[PDB]
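To be precise, the following lines are query.txt, and they hold compact mmCIF, C-alpha atoms.
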```
# COMPACT_ATOMS: atom_id res chain seq x y z
CA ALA A 52 142.98 119.00 99.15
CA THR A 53 144.80 117.05 101.87
CA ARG A 54 143.95 113.35 101.44
CA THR A 55 145.98 111.30 98.95
CA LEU A 56 145.78 107.51 98.89
CA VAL A 57 148.23 104.78 97.87
CA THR A 58 147.67 102.15 95.17
CA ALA A 59 150.11 99.32 94.49
CA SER A 60 150.95 98.64 90.85
CA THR A 61 153.04 96.24 88.78
CA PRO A 62 154.43 98.22 85.80
CA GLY A 63 155.37 95.47 83.38
CA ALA A 64 158.32 93.22 84.18
CA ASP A 65 162.12 93.14 84.23
CA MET A 66 163.88 92.25 80.97
CA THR A 67 167.44 91.99 82.29
CA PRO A 68 168.78 88.54 81.33
CA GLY A 69 169.80 86.14 84.10
CA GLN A 70 172.82 83.80 84.32
CA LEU A 71 173.23 80.98 81.75
CA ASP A 72 173.80 77.44 83.12
CA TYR A 73 175.86 75.41 80.65
CA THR A 74 174.22 72.00 80.27
CA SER A 75 175.72 69.52 77.82
CA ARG A 76 172.41 69.07 75.98
CA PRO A 77 171.69 70.23 72.41
CA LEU A 78 168.06 71.22 73.05
CA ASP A 79 168.51 73.72 75.90
CA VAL A 80 168.91 77.11 74.22
CA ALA A 81 169.36 80.70 75.38
CA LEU A 82 168.33 83.79 73.44
CA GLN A 83 170.10 87.09 72.94
CA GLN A 84 169.27 90.03 75.17
CA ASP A 85 165.74 91.30 74.45
CA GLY A 86 164.99 88.26 72.29
CA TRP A 87 162.02 85.91 72.60
CA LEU A 88 161.10 82.38 71.56
CA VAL A 89 157.60 81.99 70.14
CA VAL A 90 155.18 79.28 71.30
CA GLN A 91 151.54 78.59 70.56
CA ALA A 92 149.73 79.73 73.69
CA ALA A 93 147.23 77.73 75.72
CA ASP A 94 144.18 79.31 74.03
CA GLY A 95 145.32 78.72 70.45
CA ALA A 96 147.04 82.11 70.43
CA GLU A 97 150.68 83.23 70.27
CA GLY A 98 152.97 83.80 73.22
CA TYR A 99 156.59 84.75 73.79
CA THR A 100 159.00 83.38 76.38
CA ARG A 101 162.63 83.03 77.42
CA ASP B 3 96.36 136.31 122.67
CA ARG B 4 98.65 138.57 124.69
CA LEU B 5 100.17 135.69 126.66
CA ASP B 6 100.41 133.59 123.50
CA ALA B 7 102.20 136.43 121.69
CA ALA B 8 104.58 137.14 124.60
CA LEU B 9 105.76 133.51 124.83
CA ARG B 10 105.82 132.85 121.08
CA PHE B 11 109.39 133.90 120.26
CA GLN B 12 111.13 131.60 122.74
CA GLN B 13 108.73 128.73 122.03
CA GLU B 14 109.41 128.97 118.29
CA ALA B 15 113.17 129.26 118.88
CA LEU B 16 113.03 126.13 121.04
CA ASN B 17 111.07 124.22 118.38
CA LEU B 18 113.62 125.27 115.76
CA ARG B 19 116.37 124.11 118.13
CA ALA B 20 114.66 120.71 118.31
CA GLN B 21 114.43 120.45 114.52
CA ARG B 22 118.05 121.52 114.08
CA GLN B 23 119.13 118.88 116.58
CA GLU B 24 117.12 116.27 114.69
CA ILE B 25 119.00 117.31 111.54
CA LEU B 26 122.37 117.17 113.31
CA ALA B 27 121.57 113.72 114.72
CA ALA B 28 120.68 112.60 111.19
CA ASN B 29 124.05 113.92 110.01
CA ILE B 30 125.83 112.04 112.81
CA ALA B 31 123.93 108.82 112.02
CA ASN B 32 124.85 109.00 108.32
CA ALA B 33 128.50 109.87 109.07
CA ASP B 34 129.80 106.62 107.52
CA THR B 35 127.31 106.36 104.64
CA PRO B 36 129.12 106.85 101.30
CA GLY B 37 127.70 109.69 99.24
CA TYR B 38 125.87 111.73 101.89
CA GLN B 39 126.23 115.51 101.90
CA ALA B 40 125.84 116.95 105.38
CA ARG B 41 122.73 119.10 105.84
CA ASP B 42 122.16 122.06 108.16
CA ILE B 43 119.88 125.07 108.49
CA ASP B 44 120.47 128.78 109.01
CA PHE B 45 118.93 129.24 112.44
CA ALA B 46 118.43 133.01 112.43
CA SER B 47 116.87 133.39 108.98
CA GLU B 48 114.56 130.40 109.46
CA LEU B 49 113.59 131.65 112.92
CA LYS B 50 112.58 135.06 111.55
CA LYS B 51 110.74 133.34 108.70
CA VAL B 52 108.74 131.16 111.11
CA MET B 53 108.15 134.28 113.21
CA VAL B 54 106.57 136.31 110.38
CA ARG B 55 104.70 133.42 108.72
CA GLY B 56 103.48 130.53 110.86
CA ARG B 57 105.03 127.06 110.80
CA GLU B 58 104.19 124.95 107.75
CA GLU B 59 104.88 121.40 106.56
CA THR B 60 105.71 119.85 103.20
CA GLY B 61 103.08 117.12 103.63
CA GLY B 62 101.40 115.51 106.62
CA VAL B 78 105.46 111.35 105.40
CA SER B 79 105.77 114.83 106.89
CA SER B 80 108.64 117.24 107.46
CA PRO B 81 109.08 120.94 108.33
CA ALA B 82 109.14 123.77 105.78
CA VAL B 83 112.75 124.60 106.65
CA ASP B 84 115.40 125.04 103.95
CA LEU B 85 117.91 122.18 104.22
CA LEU B 86 121.20 123.74 103.11
CA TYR B 87 124.43 121.91 102.36
CA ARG B 88 127.48 122.34 104.56
CA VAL B 89 130.74 123.22 102.83
CA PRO B 90 133.11 120.23 103.09
CA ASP B 91 136.45 120.69 104.83
CA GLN B 92 138.62 118.06 103.14
CA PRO B 93 137.82 115.57 100.35
CA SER B 94 136.89 111.91 100.84
CA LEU B 95 136.80 109.03 98.37
CA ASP B 96 133.45 107.62 99.53
CA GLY B 97 131.92 111.02 98.90
CA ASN B 98 130.33 112.29 102.12
CA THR B 99 130.98 115.72 103.64
CA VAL B 100 130.12 114.83 107.25
CA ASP B 101 133.15 116.06 109.17
CA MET B 102 132.81 114.70 112.69
CA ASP B 103 134.45 117.62 114.52
CA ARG B 104 131.98 120.07 112.99
CA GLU B 105 129.06 117.75 113.72
CA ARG B 106 129.97 117.27 117.40
CA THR B 107 130.69 121.00 117.94
CA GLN B 108 127.33 121.98 116.44
CA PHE B 109 125.65 119.23 118.47
CA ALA B 110 127.06 120.50 121.77
CA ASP B 111 126.33 124.14 120.90
CA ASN B 112 122.73 123.31 119.93
CA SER B 113 122.41 121.31 123.15
CA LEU B 114 123.43 124.27 125.31
CA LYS B 115 121.25 126.68 123.34
CA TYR B 116 118.22 124.39 123.74
CA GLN B 117 118.87 124.22 127.49
CA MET B 118 119.10 128.02 127.46
CA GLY B 119 115.73 128.23 125.72
CA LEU B 120 114.20 125.88 128.28
CA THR B 121 115.63 128.00 131.10
CA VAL B 122 114.30 131.26 129.62
CA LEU B 123 110.83 129.85 128.96
CA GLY B 124 110.60 128.27 132.41
CA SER B 125 111.75 131.50 134.03
CA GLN B 126 109.09 133.49 132.15
CA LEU B 127 106.34 131.03 133.08
CA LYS B 128 107.35 131.14 136.74
CA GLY B 129 107.66 134.93 136.39
CA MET B 130 103.96 134.78 135.52
CA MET B 131 102.74 132.23 138.09
CA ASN B 132 104.38 134.49 140.67
CA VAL B 133 102.00 137.28 139.66
CA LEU B 134 98.90 135.11 139.38
CA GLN B 135 99.47 133.05 142.57
CA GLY B 136 97.77 134.58 145.64
```
Represent the structure contained in this file as structure tokens.
Amino acid sequence: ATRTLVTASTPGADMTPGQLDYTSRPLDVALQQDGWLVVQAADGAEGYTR
Amino acid sequence: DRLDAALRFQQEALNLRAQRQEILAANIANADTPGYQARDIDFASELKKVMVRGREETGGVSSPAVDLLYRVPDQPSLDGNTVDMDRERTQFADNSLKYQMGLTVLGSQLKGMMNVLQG
């Protein structure tokens, strides 16, 4: 056994929060670390976002 | 009968050389086909077999009655063929020289006979 191949992969994503821009608007919100806002997805399902 | 028997060993060896080279050329042709195990024959055992019992064919699509054995692969491959090109080209060159040797021996014997007959 000598031949071993390479396969690229994307193991999930990065959950480290970014930097918060302070905008003087009441509707722009930022969640806690490892927290998600819930939206109704495109196909009538549920999705989570930041 | 006597002359046929005296020239039969080298003639049969040369025919088996031709068939082995056909097999090796088939292996070289299928070298990039995925899922092709390389085939080869044991020259000595098949030569003795053809010697004791005459040549035979499966049909006659026709093919010889030789046993097509599988070559042991050297290193693995994802496509799934065991045709290792170094082995194929070494066996091809060796079979080439041995076929030329058979031609030389048979031609020498036939001249060695025309020398006697000629007068």
Next on the checklist: Taking all atoms listed in the file into account and nothing else, which residues of chain B lie no more than 10 Å away from chain A? Please answer as a PyMOL selection string.
Outcome noted: chain B and resi 91-95
Item to check | For range 119-136 of chain B: contacts at 9 Å, all atoms listed in the file, fewer than 6 positions along chain excluded, given as JSON, numbers by chain | outcome: {"B": [9, 12, 13, 15, 16, 19]}
Item to check | Contacts of residue 87 in chain A within 12 Å, all atoms listed in the file, excl. fewer than 3 positions in-chain, as a VMD selection string | outcome: chain A and resid 66 68 80 to 84 90 97 to 101
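CA of residue 27 in chain B to CA of residue 62 in chain B spans 21.8 Å [interatomic distance, one decimal].
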